[PDB]
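Pasted below: run_31.tsv, TSV, C-alpha atoms and all ligand atoms.
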```tsv
chain	number	residue	atom	x	y	z
Z	1	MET	CA	26.20	-17.46	-4.05
Z	2	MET	CA	24.53	-15.26	-1.45
Z	3	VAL	CA	25.10	-11.52	-2.03
Z	4	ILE	CA	23.56	-10.44	1.28
Z	5	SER	CA	25.20	-10.79	4.68
Z	6	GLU	CA	24.15	-13.74	6.79
Z	7	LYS	CA	23.04	-11.15	9.28
Z	8	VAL	CA	20.77	-9.34	6.83
Z	9	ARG	CA	19.39	-12.71	5.65
Z	10	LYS	CA	18.67	-13.58	9.29
Z	11	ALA	CA	17.03	-10.22	9.88
Z	12	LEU	CA	14.89	-10.61	6.74
Z	13	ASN	CA	13.97	-14.23	7.60
Z	14	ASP	CA	12.89	-12.93	11.03
Z	15	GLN	CA	10.71	-10.28	9.37
Z	16	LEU	CA	9.13	-12.90	7.06
Z	17	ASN	CA	8.07	-14.85	10.15
Z	18	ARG	CA	6.71	-11.69	11.74
Z	19	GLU	CA	4.55	-11.12	8.68
Z	20	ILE	CA	3.18	-14.66	8.97
Z	21	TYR	CA	2.36	-14.13	12.64
Z	22	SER	CA	0.84	-10.80	11.63
Z	23	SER	CA	-1.30	-12.70	9.18
Z	24	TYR	CA	-2.37	-15.22	11.83
Z	25	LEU	CA	-3.09	-12.45	14.34
Z	26	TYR	CA	-5.40	-10.65	11.92
Z	27	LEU	CA	-7.14	-13.95	11.14
Z	28	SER	CA	-7.67	-14.32	14.89
Z	29	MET	CA	-9.24	-10.88	15.10
Z	30	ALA	CA	-11.67	-11.97	12.41
Z	31	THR	CA	-12.65	-15.01	14.51
Z	32	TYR	CA	-13.53	-12.63	17.38
Z	33	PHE	CA	-15.33	-10.09	15.21
Z	34	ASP	CA	-17.24	-12.84	13.41
Z	35	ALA	CA	-18.28	-14.39	16.76
Z	36	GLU	CA	-19.51	-11.04	18.12
Z	37	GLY	CA	-21.54	-10.44	14.95
Z	38	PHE	CA	-19.36	-7.73	13.30
Z	39	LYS	CA	-19.10	-9.34	9.90
Z	40	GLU	CA	-17.72	-6.26	8.18
Z	41	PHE	CA	-14.92	-5.86	10.72
Z	42	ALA	CA	-14.17	-9.57	10.27
Z	43	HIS	CA	-14.10	-9.07	6.50
Z	44	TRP	CA	-11.44	-6.34	6.78
Z	45	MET	CA	-9.38	-8.53	9.11
Z	46	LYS	CA	-9.47	-11.35	6.56
Z	47	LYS	CA	-8.37	-9.00	3.81
Z	48	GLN	CA	-5.55	-7.77	6.06
Z	49	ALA	CA	-4.55	-11.38	6.82
Z	50	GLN	CA	-4.26	-12.11	3.09
Z	51	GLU	CA	-2.23	-8.95	2.53
Z	52	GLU	CA	0.23	-9.75	5.32
Z	53	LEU	CA	0.85	-13.07	3.55
Z	54	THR	CA	1.75	-11.21	0.35
Z	55	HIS	CA	4.19	-9.09	2.43
Z	56	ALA	CA	5.79	-12.30	3.71
Z	57	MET	CA	6.13	-13.71	0.19
Z	58	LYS	CA	7.88	-10.57	-1.06
Z	59	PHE	CA	10.46	-11.13	1.67
Z	60	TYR	CA	10.54	-14.82	0.70
Z	61	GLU	CA	11.27	-13.98	-2.92
Z	62	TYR	CA	13.77	-11.23	-2.16
Z	63	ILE	CA	15.76	-13.55	0.08
Z	64	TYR	CA	15.96	-16.21	-2.65
Z	65	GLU	CA	16.75	-13.66	-5.37
Z	66	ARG	CA	19.86	-12.68	-3.38
Z	67	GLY	CA	20.99	-16.27	-2.90
Z	68	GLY	CA	19.68	-16.79	0.61
Z	69	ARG	CA	17.43	-19.49	2.05
Z	70	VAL	CA	14.26	-19.12	4.16
Z	71	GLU	CA	13.55	-21.12	7.31
Z	72	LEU	CA	10.04	-21.05	8.78
Z	73	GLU	CA	9.61	-20.93	12.53
Z	74	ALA	CA	6.89	-21.88	14.98
Z	75	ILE	CA	4.03	-19.37	15.02
Z	76	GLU	CA	2.73	-18.51	18.48
Z	77	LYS	CA	-0.94	-18.89	19.36
Z	78	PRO	CA	-2.59	-15.45	18.87
Z	79	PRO	CA	-5.11	-13.96	21.31
Z	80	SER	CA	-8.65	-15.03	20.52
Z	81	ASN	CA	-10.52	-12.37	22.41
Z	82	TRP	CA	-10.48	-8.66	23.13
Z	83	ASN	CA	-12.53	-6.54	25.51
Z	84	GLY	CA	-14.56	-4.99	22.70
Z	85	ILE	CA	-14.03	-3.27	19.39
Z	86	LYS	CA	-11.65	-0.47	20.40
Z	87	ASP	CA	-9.49	-2.96	22.32
Z	88	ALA	CA	-9.17	-5.06	19.18
Z	89	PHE	CA	-8.22	-2.19	16.90
Z	90	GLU	CA	-5.76	-0.83	19.46
Z	91	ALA	CA	-4.04	-4.21	19.61
Z	92	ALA	CA	-3.84	-4.06	15.82
Z	93	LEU	CA	-2.32	-0.58	15.91
Z	94	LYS	CA	0.18	-1.58	18.60
Z	95	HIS	CA	1.18	-4.60	16.55
Z	96	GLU	CA	1.65	-2.51	13.40
Z	97	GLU	CA	3.86	-0.05	15.31
Z	98	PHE	CA	5.97	-2.98	16.47
Z	99	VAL	CA	6.18	-4.26	12.85
Z	100	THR	CA	7.34	-0.82	11.69
Z	101	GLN	CA	10.08	-0.53	14.31
Z	102	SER	CA	11.23	-4.01	13.25
Z	103	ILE	CA	11.61	-2.93	9.61
Z	104	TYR	CA	13.27	0.35	10.63
Z	105	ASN	CA	15.76	-1.76	12.59
Z	106	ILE	CA	16.52	-3.85	9.51
Z	107	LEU	CA	16.87	-0.65	7.48
Z	108	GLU	CA	19.52	0.64	9.91
Z	109	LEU	CA	21.41	-2.67	9.70
Z	110	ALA	CA	21.46	-2.76	5.90
Z	111	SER	CA	22.69	0.81	5.73
Z	112	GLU	CA	25.66	0.24	8.06
Z	113	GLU	CA	26.58	-2.67	5.70
Z	114	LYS	CA	26.13	-0.44	2.60
Z	115	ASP	CA	23.63	-2.99	1.21
Z	116	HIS	CA	21.90	-0.75	-1.31
Z	117	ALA	CA	19.60	-3.42	-2.78
Z	118	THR	CA	18.10	-4.36	0.59
Z	119	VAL	CA	17.76	-0.69	1.59
Z	120	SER	CA	15.77	-0.06	-1.60
Z	121	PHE	CA	13.58	-3.10	-0.87
Z	122	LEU	CA	12.66	-2.04	2.66
Z	123	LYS	CA	11.74	1.54	1.75
Z	124	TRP	CA	8.62	0.26	-0.01
Z	125	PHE	CA	7.69	-1.49	3.23
Z	126	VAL	CA	8.29	1.59	5.37
Z	127	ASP	CA	5.81	3.53	3.22
Z	128	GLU	CA	3.19	0.77	3.43
Z	129	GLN	CA	3.70	0.64	7.22
Z	130	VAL	CA	3.10	4.38	7.57
Z	131	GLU	CA	-0.10	3.97	5.58
Z	132	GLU	CA	-1.24	1.00	7.68
Z	133	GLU	CA	-0.73	2.68	11.04
Z	134	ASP	CA	-2.67	5.71	9.85
Z	135	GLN	CA	-5.50	3.50	8.55
Z	136	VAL	CA	-5.83	1.93	12.00
Z	137	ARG	CA	-5.45	5.30	13.75
Z	138	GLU	CA	-8.23	6.65	11.53
Z	139	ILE	CA	-10.52	3.73	12.49
Z	140	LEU	CA	-9.80	4.51	16.14
Z	141	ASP	CA	-10.69	8.22	15.72
Z	142	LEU	CA	-13.97	7.38	14.01
Z	143	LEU	CA	-14.82	4.97	16.82
Z	144	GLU	CA	-14.37	7.77	19.36
Z	145	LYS	CA	-18.06	8.82	19.45
C	2	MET	CA	19.14	6.74	-21.11
C	3	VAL	CA	18.82	3.04	-20.25
C	4	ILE	CA	15.06	2.83	-20.68
C	5	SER	CA	13.48	2.72	-24.11
C	6	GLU	CA	11.81	5.96	-25.19
C	7	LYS	CA	8.50	4.08	-25.33
C	8	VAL	CA	8.76	3.04	-21.67
C	9	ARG	CA	9.92	6.59	-20.88
C	10	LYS	CA	6.85	8.08	-22.55
C	11	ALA	CA	4.63	5.56	-20.78
C	12	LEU	CA	6.08	6.33	-17.34
C	13	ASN	CA	6.02	10.08	-17.91
C	14	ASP	CA	2.40	9.68	-18.98
C	15	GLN	CA	1.58	7.77	-15.79
C	16	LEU	CA	3.32	10.46	-13.76
C	17	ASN	CA	0.97	13.12	-15.15
C	18	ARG	CA	-1.86	10.70	-14.50
C	19	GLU	CA	-0.88	10.45	-10.84
C	20	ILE	CA	-0.74	14.24	-10.63
C	21	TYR	CA	-4.24	14.50	-12.03
C	22	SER	CA	-5.40	11.82	-9.57
C	23	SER	CA	-4.11	13.89	-6.68
C	24	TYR	CA	-5.93	16.91	-7.99
C	25	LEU	CA	-9.11	14.87	-8.41
C	26	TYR	CA	-9.03	13.65	-4.82
C	27	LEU	CA	-8.40	17.22	-3.56
C	28	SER	CA	-11.46	18.27	-5.54
C	29	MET	CA	-13.43	15.50	-3.85
C	30	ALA	CA	-12.30	16.98	-0.56
C	31	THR	CA	-13.83	20.32	-1.58
C	32	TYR	CA	-17.17	18.60	-2.29
C	33	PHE	CA	-17.19	16.65	0.96
C	34	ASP	CA	-16.02	19.68	2.95
C	35	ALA	CA	-18.73	21.88	1.40
C	36	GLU	CA	-21.40	19.32	2.23
C	37	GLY	CA	-20.25	18.82	5.83
C	38	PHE	CA	-18.66	15.36	5.52
C	39	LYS	CA	-15.44	16.34	7.27
C	40	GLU	CA	-14.09	12.81	7.65
C	41	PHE	CA	-14.54	11.88	3.98
C	42	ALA	CA	-12.85	15.17	3.15
C	43	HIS	CA	-9.86	14.26	5.36
C	44	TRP	CA	-9.53	10.85	3.68
C	45	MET	CA	-9.55	12.55	0.27
C	46	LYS	CA	-6.87	14.98	1.42
C	47	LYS	CA	-4.62	12.12	2.55
C	48	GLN	CA	-5.22	10.32	-0.75
C	49	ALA	CA	-4.31	13.43	-2.75
C	50	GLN	CA	-1.05	13.57	-0.78
C	51	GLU	CA	-0.43	9.88	-1.39
C	52	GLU	CA	-1.03	10.21	-5.14
C	53	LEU	CA	1.59	12.93	-5.19
C	54	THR	CA	4.15	10.58	-3.69
C	55	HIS	CA	3.14	8.03	-6.34
C	56	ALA	CA	3.89	10.75	-8.91
C	57	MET	CA	7.28	11.48	-7.34
C	58	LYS	CA	8.25	7.83	-7.31
C	59	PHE	CA	7.78	7.82	-11.12
C	60	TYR	CA	9.76	11.10	-11.23
C	61	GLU	CA	12.72	9.70	-9.39
C	62	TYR	CA	12.69	6.38	-11.27
C	63	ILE	CA	12.62	8.16	-14.65
C	64	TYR	CA	15.69	10.25	-13.67
C	65	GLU	CA	17.49	7.25	-12.16
C	66	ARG	CA	17.16	5.54	-15.57
C	67	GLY	CA	18.47	8.57	-17.48
C	68	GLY	CA	15.21	10.07	-18.71
C	69	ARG	CA	13.61	13.47	-18.29
C	70	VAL	CA	10.18	14.34	-16.91
C	71	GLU	CA	7.81	16.69	-18.74
C	72	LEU	CA	4.81	18.14	-16.90
C	73	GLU	CA	1.60	18.60	-18.88
C	74	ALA	CA	-1.42	20.77	-18.27
C	75	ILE	CA	-3.71	19.44	-15.54
C	76	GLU	CA	-7.38	19.35	-16.53
C	77	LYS	CA	-10.06	20.89	-14.35
C	78	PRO	CA	-11.48	18.15	-12.14
C	79	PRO	CA	-15.23	17.92	-11.48
C	80	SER	CA	-16.07	19.73	-8.27
C	81	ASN	CA	-19.57	18.39	-7.60
C	82	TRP	CA	-21.28	15.00	-7.51
C	83	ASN	CA	-24.90	13.87	-7.18
C	84	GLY	CA	-24.22	12.55	-3.69
C	85	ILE	CA	-21.75	10.61	-1.56
C	86	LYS	CA	-22.14	7.38	-3.53
C	87	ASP	CA	-21.74	9.13	-6.87
C	88	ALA	CA	-18.43	10.53	-5.61
C	89	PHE	CA	-16.90	7.25	-4.45
C	90	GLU	CA	-18.09	5.64	-7.66
C	91	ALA	CA	-16.12	8.19	-9.65
C	92	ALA	CA	-13.16	7.45	-7.37
C	93	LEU	CA	-13.49	3.73	-8.16
C	94	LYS	CA	-13.93	4.30	-11.89
C	95	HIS	CA	-10.82	6.49	-11.74
C	96	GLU	CA	-8.71	3.99	-9.77
C	97	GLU	CA	-9.75	1.27	-12.24
C	98	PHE	CA	-8.51	3.35	-15.14
C	99	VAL	CA	-5.22	3.99	-13.26
C	100	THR	CA	-4.85	0.24	-12.69
C	101	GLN	CA	-5.36	-0.54	-16.37
C	102	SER	CA	-2.90	2.22	-17.35
C	103	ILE	CA	-0.26	0.78	-15.04
C	104	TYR	CA	-0.88	-2.80	-16.10
C	105	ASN	CA	-0.25	-1.71	-19.73
C	106	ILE	CA	3.11	-0.25	-18.79
C	107	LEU	CA	3.92	-3.55	-17.10
C	108	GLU	CA	3.03	-5.48	-20.25
C	109	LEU	CA	5.23	-3.14	-22.30
C	110	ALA	CA	8.29	-3.44	-20.06
C	111	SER	CA	7.99	-7.24	-19.97
C	112	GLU	CA	8.02	-7.41	-23.80
C	113	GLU	CA	11.19	-5.24	-23.77
C	114	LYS	CA	12.75	-7.41	-20.97
C	115	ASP	CA	13.26	-4.27	-18.88
C	116	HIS	CA	13.43	-6.08	-15.54
C	117	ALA	CA	14.14	-2.95	-13.47
C	118	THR	CA	10.95	-1.30	-14.72
C	119	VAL	CA	8.94	-4.48	-14.22
C	120	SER	CA	10.18	-4.70	-10.64
C	121	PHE	CA	9.47	-0.99	-10.08
C	122	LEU	CA	5.94	-1.30	-11.45
C	123	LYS	CA	4.94	-4.38	-9.48
C	124	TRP	CA	4.76	-2.35	-6.26
C	125	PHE	CA	2.15	-0.12	-7.90
C	126	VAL	CA	0.05	-3.00	-9.28
C	127	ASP	CA	-0.26	-4.32	-5.73
C	128	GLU	CA	-1.06	-0.82	-4.41
C	129	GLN	CA	-3.71	-0.33	-7.13
C	130	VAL	CA	-5.36	-3.62	-6.22
C	131	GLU	CA	-5.55	-2.60	-2.56
C	132	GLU	CA	-6.82	0.90	-3.33
C	133	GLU	CA	-9.52	-0.28	-5.74
C	134	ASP	CA	-10.65	-2.72	-3.08
C	135	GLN	CA	-10.73	0.12	-0.52
C	136	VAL	CA	-13.14	2.17	-2.64
C	137	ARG	CA	-15.22	-1.00	-3.20
C	138	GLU	CA	-15.43	-1.66	0.55
C	139	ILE	CA	-16.59	1.91	1.24
C	140	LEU	CA	-19.28	1.52	-1.45
C	141	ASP	CA	-20.63	-1.77	-0.05
C	142	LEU	CA	-20.80	-0.28	3.44
C	143	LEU	CA	-22.83	2.62	2.08
C	144	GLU	CA	-25.47	0.24	0.66
C	145	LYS	CA	-26.74	-0.27	4.25
M	1	FE	FE	3.05	-6.43	6.75
M	2	FE	FE	0.73	-4.78	8.32
M	3	FE	FE	-1.64	6.34	-7.56
M	4	FE	FE	-4.42	5.63	-6.52
M	5	ZN	ZN	-16.77	-5.77	3.54
M	6	ZN	ZN	-0.83	0.35	0.53
M	7	ZN	ZN	-2.16	-2.37	3.42
M	8	ZN	ZN	-9.88	11.59	9.73
M	9	ZN	ZN	-2.87	3.78	-0.81
```
What would you get if you wrote out this structure as structure tokens?
Ligand SMILES: [Fe+3]
Ligand SMILES: [Fe+3]
Ligand SMILES: [Fe+3]
Ligand SMILES: [Fe+3]
Ligand SMILES: [Zn+2]
Ligand SMILES: [Zn+2]
Ligand SMILES: [Zn+2]
Ligand SMILES: [Zn+2]
Ligand SMILES: [Zn+2]
Amino acid sequence: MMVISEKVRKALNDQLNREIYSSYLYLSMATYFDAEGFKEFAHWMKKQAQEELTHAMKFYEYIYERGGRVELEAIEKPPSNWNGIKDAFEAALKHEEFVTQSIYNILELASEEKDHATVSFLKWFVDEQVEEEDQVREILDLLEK
Amino acid sequence: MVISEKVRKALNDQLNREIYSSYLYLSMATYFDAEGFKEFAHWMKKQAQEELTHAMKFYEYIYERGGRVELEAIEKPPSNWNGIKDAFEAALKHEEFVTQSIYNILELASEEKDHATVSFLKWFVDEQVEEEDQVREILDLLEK
């Protein structure tokens, strides 16, 4: 029996697929960095790509622990190229801000439905999102030289 | 109280460990600030803040399970290191000890089939893995 709403399941399935695309996007940044010779920037991107896949599997597991099912969707082709380093890290920041808004939106939905388990789940992700935007913002400040 | 007293003592002990961690990172900010590395100092400040929210997550979980928190004395952190690398190496050694301490609480709660504590702790095991790897990445970039 599923003890989440079909609309919170759908929302969480949508976020799982965003984390996979996030993963793919950061892998694509590594292909750029690696081609332009920045092997340490590529290495971070590959770490990030792995970590976004662990985010997606926590949603995967949560959905199944509450009796839902996961359906995987097509993943769009990510950009392969940026107009230099700053451009690449700004795209990353902009994508993380979009990811955060998307989780905040699910957090509003699950509150209106008084789903306390899902609320508790997403608060861990909010905190990680605040950390990840500030990591990228910090990179961007250091690049300003 | 719906946690065992052993798990309660272990989580209260980790809480005081996270408080000391915060204090340690703040002390690293005083070294970096004194030596003119303003950006390392800022990172250490944000980490001290973060460690405090780690501490307060253990706080709130202990009370949600019916326990009480008890604050212990906080030891005087070092305030000086041999150089930049020596400082981040102490940060790594310290995050490794925090990871082992947390893993041991995880082992204990799994023996006692305390699934809420296991679930609570797994967030921190993943955060400790990421933070250890952050220190490691900074160290490798220094060797350049
Ligand atoms: Fe993510
Ligand atoms: Fe992310
Ligand atoms: Fe911590
Ligand atoms: Fe830590
Ligand atoms: Zn590296
Ligand atoms: Zn994190
Ligand atoms: Zn992260
Ligand atoms: Zn800074
Ligand atoms: Zn952290």
Around ligand ZN 9 (chain M), which protein and nucleic acid residues have at least one atom no more than 7 Å from it, if we count all atoms listed in the file? List them as a ChimeraX atom specification. /Z:131 /C:48,51,128,132
If we draw a sphere of 12 Å around (-8.9, 19.2, -2.8), which residues have at least one atom in it when counting all atoms listed in the file? Please report them as an NGL selection string. :C and (21-35 or 41-50 or 77-81)
From C:66, C:114, C:86, C:55, residue lying nearest chain Z [all atoms listed in the file]: C:55
Tell me which of Z:41, Z:89, Z:60, Z:104 sits closest to chain C, counting all atoms listed in the file.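 Looking only at the distances to chain C, the closest residue turns out to be Z:41.
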Please compute the CA of residue 19 in chain C-CA of residue 120 in chain C distance, one decimal, in Å. 18.8 Å
Looking at C:52, C:144, C:138, C:97, which one is nearest to ligand ZN 6 (chain M), with distances taken over all atoms listed in the file? C:52
Could you jot down the CA of residue 139 in chain C to CA of residue 94 in chain C separation for me, Å, one decimal place?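 Answer for the CA of residue 139 in chain C to CA of residue 94 in chain C separation: 13.6 Å.
Every protein or nucleic acid residue with an atom no more than 10 Å from residue 27 in chain Z, counting only C-alpha atoms and leaving out same-chain residues fewer than 3 positions away, appears here: residues 21, 22, 23, 24, 30, 31, 32, 33, 42, 43, 44, 45, 46, 47, 48, 49, 50, 78 and 80 of chain Z.
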Would you name the residues within 8 Å of ligand FE 2 (chain M), counting all atoms listed in the file, and put them as an MDAnalysis selection string? chainID Z and resid 19 22 48 51:52 96 99 128:129 132
